[PDB]
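Below you will find one chain, with nothing else, as structure tokens; this is the form solved without ligand SON, and questions on how it binds or moves follow later.
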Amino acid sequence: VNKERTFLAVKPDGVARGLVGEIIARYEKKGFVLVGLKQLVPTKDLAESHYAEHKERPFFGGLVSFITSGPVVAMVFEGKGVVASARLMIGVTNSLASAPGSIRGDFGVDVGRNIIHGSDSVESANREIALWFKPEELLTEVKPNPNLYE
């Protein structure tokens, strides 16, 4: 169903390298509808909440430090298989091995600084969406382009 939403965050390096317009534009071209969008500086607890899955790991500290070291542009897109696609569009973990055409393959070069975040599954998606956005901030009446779906 085309009511699937995912959560993506242009991390501090993406924002600070001026990649915001490029990234949103890529998903708008693909056809996905922007449902929520806000630039914010993540707070310690939000970051720790977001990188929960790694809190038992050594490199969790970094995660959190960075994500809160500067503004992040958070957004939620909706469309058929959006969670799946978005990842495809974003690339692999290591920017260097991400293929040309993908967000990280085109602009990425490190793994720590890999510009963007995308929920890895529909489950992490709904956890992430609700975690960063208040229901108030999300669109309801989406209504996607009718030339997009059969």
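The first residue of the sequence shown is number 1, and the count goes up from there.
In what follows, reference is made to the form solved in complex with ligand SON, a form of this protein that is not presented.
> What I'd like checked is whether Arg5, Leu34 and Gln39 together line ligand SON in the entry with it bound, meaning each has a non-hydrogen atom within 4.5 Å of it.
Looking in the entry with it bound, the three residues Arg5, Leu34 and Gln39 all stay beyond 4.5 Å of ligand SON (heavy atoms).
> Quick one: of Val111, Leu88, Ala99, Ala52, which gets a non-hydrogen atom within 4.5 angstroms of ligand SON in the entry with it bound?
Comparing distances to ligand SON in the entry with it bound, the residue within 4.5 Å is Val111.
> Please tell me whether any heavy atom belonging to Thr93 falls inside 4.5 Å of a heavy atom of ligand SON, as the geometry stands in the entry with it bound.
Answer yes; at least one heavy atom of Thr93 falls within 4.5 Å of ligand SON in the entry with it bound.
> Taking ligand SON as it sits in the entry with it bound, is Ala47 near enough to touch it, meaning that at least one heavy atom pair lies within 4.5 angstroms?
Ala47: no, not in contact with ligand SON in the entry with it bound.
> At the 4.5 Å heavy atom threshold, is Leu63 in contact with ligand SON in the entry with it bound?
Yes - in the entry with it bound, heavy atoms of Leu63 and ligand SON come within 4.5 Å of each other.
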